[PDB]
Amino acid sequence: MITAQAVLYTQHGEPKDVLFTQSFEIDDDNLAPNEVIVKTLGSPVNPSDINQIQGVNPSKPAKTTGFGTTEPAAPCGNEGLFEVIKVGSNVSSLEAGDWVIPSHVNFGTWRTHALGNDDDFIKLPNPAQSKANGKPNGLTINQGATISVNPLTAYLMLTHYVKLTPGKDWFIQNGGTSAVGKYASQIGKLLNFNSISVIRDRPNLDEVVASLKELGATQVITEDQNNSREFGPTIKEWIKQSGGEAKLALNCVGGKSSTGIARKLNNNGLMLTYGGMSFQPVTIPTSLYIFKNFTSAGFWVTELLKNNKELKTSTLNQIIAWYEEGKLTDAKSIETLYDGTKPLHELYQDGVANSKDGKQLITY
């Protein structure tokens, strides 16, 4: 027998309110033939995780009695890294020690252990396996635990919608210092895409700029420069001199910021809204639609890859390979280790609450 700890909610709401810890048992001696028991290595706190809990995300797990509760309750968290600790008699695709993420959302990753089927997971190479296969690097726990939303999101937005001509064409993004933004600047560098990053001004602007430029951003500007009519020409001039065009806009902010990036596009431009900074609708002048043939659309990784297993795989494999080749890099996560001394849900509650401090990983 195994004793596990799971983070659950009985009714939707704010994580600080509705969240609690439920202890449950997993019988590893009764393991069915295609069933696989995994142990959590780590799982992050992501906006989608939070907003799912609040009751705002349409994709969410069912409320059930399965964790030993009396009331229907739902698990938390959609991403995470796990280690296979035991496979059923018939399981061939997975061995003990193997590294896996969930194959689907809503699996519930804010918990110590899980019991599921072999097809409920997607194998990753652990570092030993990577190095055994001649690679210079291995994935870290953070890299593995966060590989299935943000990097994929960045890669898919840049490749799946509009063909950017290598060495010529441009994409532009707001939320430049964000996880996805960093991943996008790097992918753009690797694919030979020119890019403009927009960020909020800050005391150490030069240091952040030099940093993002090293990740792969061609130019970095403030949201004030993004707002500026006077500054506009400077941007046009960068594009013109490239011999290419600004064809794509990546938006996670909305409001003034989204306006500003939309405007920076050449005619027949595409914007992709993949996130949104709370009660700031995507705002677009009528003129861009009419005269410049602007198009404004959405992006949601969960829905795009729901029934696109081949596309998930292909993308996932590229990321993995770049991590292994030391060509891709994650933003540092602040970690919080779980040791039984403090309720597990409480660690994820702090996590939620300190998400401004940077990406919150919880390790086991």
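Throughout, we count residues from 1 along the sequence that is shown.
Would 53-61 or 34-42 have the larger average of its C-alpha temperature factors, as given in the entry? Stretch with the greater average CA B-factor: 53-61.
Taking the recorded C-alpha temperature factors, which stretch has the higher mean, 113-121 or 74-82?
Stretch with the greater average CA B-factor: 113-121.
*Quick one: which of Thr336, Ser296, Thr69, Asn317 shows the highest Cα temperature factor in the PDB entry?*
By C-alpha B-factor in the record, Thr336 ranks first.
Exercise for the section: Grab the CA temperature factor for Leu248 from the record and place it in the lowest, middle or highest third of its chain. Expected result: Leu248: CA B-factor falls in the lowest third of its chain.
Open item on the list: How does the C-alpha B factor of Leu328 compare with the rest of the chain: lowest, middle or highest third?
Closed with: Middle third - that is where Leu328 ends up once the chain's C-alpha B-factors are sorted.
Discussion item. How does the C-alpha B factor of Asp206 compare with the rest of the chain: lowest, middle or highest third?
Written reply: Its C-alpha B-factor belongs to the lowest third of this chain's values.
Q: Going by the recorded CA B-factors, say which third of the chain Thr218 sits in, lowest, middle or highest.
A: CA B-factor rank for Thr218: lowest third.
**Asked** Which third of the chain does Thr159 land in by C-alpha B-factor: lowest, middle or highest?
**Response** Middle third, going by the recorded CA B-factors of the chain.
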